[PDB]
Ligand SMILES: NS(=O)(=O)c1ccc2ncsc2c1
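Single chain ahead, written as structure tokens, the form deposited without the named molecule.
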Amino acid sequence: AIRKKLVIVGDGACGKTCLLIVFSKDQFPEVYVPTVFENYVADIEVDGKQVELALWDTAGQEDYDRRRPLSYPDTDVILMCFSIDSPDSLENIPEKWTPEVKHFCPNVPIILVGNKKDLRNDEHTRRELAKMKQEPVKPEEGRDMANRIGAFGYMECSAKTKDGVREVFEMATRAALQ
């Protein structure tokens, strides 16, 4: 199999760890891990090729001991995430995550991922965002942001329902093979 390294980044609580666990284990977790600390390697076949895809989760800003610069070397593809219930997490894509990823991984393909797609139609989410004069992120906003940052693709998924989860990793694997 071809060896590729995937790193997942994005705002705290936008669903990165759960996306890795639901893809790797096919089960939404019941306990809390900030950062997957076991070794996840996925076997993925795309367009006839066997790929071993190492899944690197990341730490937020306060976990200095596992700071992201330690994890960026030799990355083959980036999953850059925001949550559909958080327009703030989307605004951090161009302001925070793209400058950081381009600093450490300037030539690596990016898949822009909108997580928690199940909350787009959730009334708690709708009413909480509406009290801020906000609304859940629309697909066209994700697509526009993909163009802005030069992402290889824009994908939406829900770790909670599994909708779109395998497809995110198949797209990331096809980008890593280029």
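Note that residue numbering follows the sequence shown and begins at 1.
There is another form of this protein, the form deposited with the named molecule bound, and it is not shown here; the text below is about that form.
The named molecule in the deposited complex is approached by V108, whose closest heavy atom lies within 4.5 angstroms of it. Contact annotation for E91: none of its heavy atoms lies within 4.5 Å of the named molecule in the deposited complex. Applying a 4.5 Å heavy atom cutoff to the named molecule in the deposited complex picks out no residue from 159-178.
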